C-alpha cells in the first residue's frame, strides 16, 4: 500500500517468534517495521487489531502508525509500522547501563502508567476496552529518548467485553514467556474466563521487571550486575515445570537485598515488588495504585 511503498528498510534489528523487526525510514523519519510472512497472517492481523483499539494511544504504549502489505515481485510481506525507539528494549538498556534513583523512578513509573492505561476500561461512544498484555517482560518494554518506557509487543493481548464479562478471543491455553508467568498461570489454577485474573498476572510480571530495574540503580557507586528474574534458580529458556517447582512449590521470589531498605526510593520499590508477588492474585496491587505510589515518589524527588 501507500505507506509501505515509501518506506526504506535500513537494518534488521531483531528476530522474534512472531515477525522480524527492522529500522526503516518513512518520510525522512525513523520508524520500526515488524514484518511477518504470508503464513503468519493470523499473528500479524491480531497484532494490527490490538494496536488499532479505540483510545489505545498513550505516551507509555508504543505508538502504532499502520498495518500494510508489500509485494517485492516474488513474495508478500505483512507489515506493522510503529514509532522507532533507538535505545530498544528495557532489557538491552539495563544490560548496557546503570540508572540513577531518578532514572529508576522514571522507568518504573512510566511502565506502571502504560500498564494502568492498558488495564483501564473507558466507557462511551469512543470507549476503550480493558486490555491484559499476557507477556509483559523487560524485552517487551522499550525505552524512549527521554528515559521513560513504552509497552510494546501487544500481539498476545486479550480484551474485555465489560457488559457480559467475556474475553474477545476466549483464551483456553497458556501463552507468554515462562520465566515471567504468574504462579496461577504456572500451576494452571487461573480462571481463564475471569478477565481480572489476567490483569493480576500482568502485575506479577511487572513486579519482576521492577526488580530488574532496581538492581541497576547506582547509589554511591553501589549496584548489582544485570540479571533476569530467577537467574539464580532456573536455566536460560526455562520450562513450565522448572518455573513451577520454584515459584509454586518452593514458593521463592527474586531476592530483595536488605541494602534496598537504606534508601527511600529503593524501599518503596521493594515494597511494591513484594505486593506484586503474592501467590494470591487478588492481594496484588493494581497498576493504578502503583502509578499513584510512584507519582508521589517522583514528586518528592523533584524529577
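We call the rigid core the largest set of C-alpha positions that still match within 1.5 Å between the two forms. Residue numbers count along the first chain shown, from 1.
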| item | value |
| --- | --- |
| More shifted region, core-based fit in 5 other deposited structures of this protein, 8-16 vs 291-299 by CA | 8-16 |
| Rigid core superposition result in 5 other deposited structures of this protein, more deviant of 161-169, 198-206 by Cα | 161-169 |
| Average Cα temperature factor in the PDB entry - higher stretch of 291-299, 277-285 | 291-299 |
| Greater mean Cα temperature factor according to the PDB record, 80-88 or 190-198 | 190-198 |
| Deposited CA B-factor, highest of 112, 167, 209, 233 | 167 |
| Of the residues 266, 65, 55, 248, the one carrying the largest Cα B-factor as recorded | 266 |
| Cα B factor band for residue 138 (lowest, middle or highest third within the chain) | lowest |
| Chain-wide C-alpha B factor ranking for residue 27, given as lowest, middle or highest third | highest |
| Residue 260 by Cα B-factor - lowest, middle or highest third of the modelled chain | highest |
| Ranked against its chain, the third holding the CA B-factor of residue 74 | lowest |
| Ranked against its chain, the third holding the CA B-factor of residue 47 | lowest |
